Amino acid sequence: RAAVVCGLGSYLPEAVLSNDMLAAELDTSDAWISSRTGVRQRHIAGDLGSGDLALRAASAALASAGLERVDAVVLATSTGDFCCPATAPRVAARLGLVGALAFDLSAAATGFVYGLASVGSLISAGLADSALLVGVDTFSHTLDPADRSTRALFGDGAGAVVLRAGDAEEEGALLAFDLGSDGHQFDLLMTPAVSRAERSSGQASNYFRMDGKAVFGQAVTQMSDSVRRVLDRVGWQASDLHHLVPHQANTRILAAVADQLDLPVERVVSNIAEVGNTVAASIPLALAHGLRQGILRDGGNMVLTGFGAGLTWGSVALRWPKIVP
């Protein structure tokens, strides 16, 4: 009993932050923003929360799958609408799926990969026959207004897939996983929790921070090595890969991952220039981009891979199924 991908959907908020806007706001330049990140625009949730974005992505994903019900709704997010409860139950209800198994999973930029492991396993174990997994984050709400580095990189969005029970020989079946963590380096990427004083005031200044230099080099190796492990597990060489869909960490990181694997860079699916780094949403948003562009091959050998806060990392191998755009 396998878990099979059978639907894809996504949603990006309407508002866009350009380099020109960001340069004007923070008294910097267009050059600096592109140079450092290669990101030219990022979508900004504004008054919308992760729940709102997830709802739109999930509805589109259900239409894609040709299904009007699923047994489970899981959100991979670090930017839930509340501290308590999870966002997933509300999203499930707003999809007309009251009664569904629903919860949020926290694994930062590796959330979508961990999400696939969790939902895929629920289906394989017989606790659900179908599921929505939504990778969604609204990191823009959590950025320091004065910080040009993070504001240049991060954007908001949601991407969703539908999984169903199936056979391991079907296109879209999740074939092998690599999953890990290194909590010894937990402090490298962080958005602190609100203090009790901040909760009392009704104002928090708990902003996302990252050690950019320390994150770059490690991110490349972490994802490259994780891909290699899953390639070895499924019996593929790097050359057998048609599609590599990494967490869109930064512009340089994506090509650097290909370099380590001696994989042609053109095989890396990337839209980081148009949407920025959307954390848990990055992989399914990149998938949606590939599908829009007709890049994704029916039955093509594919690996999805992530690395992020925790630290966390992981990869999943599958053959890409026929998905309705």
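When you see a residue number, it is the position in the sequence shown, counting from 1.
When 120-128 is weighed against 187-195, 187-195 comes out higher, by mean CA B-factor as recorded in the entry. Taking the PDB entry as given, 226-234 carries the higher mean Cα B factor of the two stretches 102-110 and 226-234.
In the deposited coordinates, the residue among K213, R90, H247, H243 with the greatest CA B-factor is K213.
Within the group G180, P85, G172, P145, the record's highest C-alpha temperature factor is found at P145.
In the PDB entry, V136 places in the lowest third of its chain by CA B-factor. In the deposited entry, the Cα temperature factor of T305 sits in the bottom third of values across the chain's modelled residues.
When all modelled residues of the chain are sorted by CA temperature factor, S282 is found within the lowest third.
In this PDB entry, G155 carries a Cα temperature factor that places it within the middle third of its chain's modelled residues. In the deposited entry, the Cα temperature factor of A2 places it in the middle third of its chain's modelled residues.
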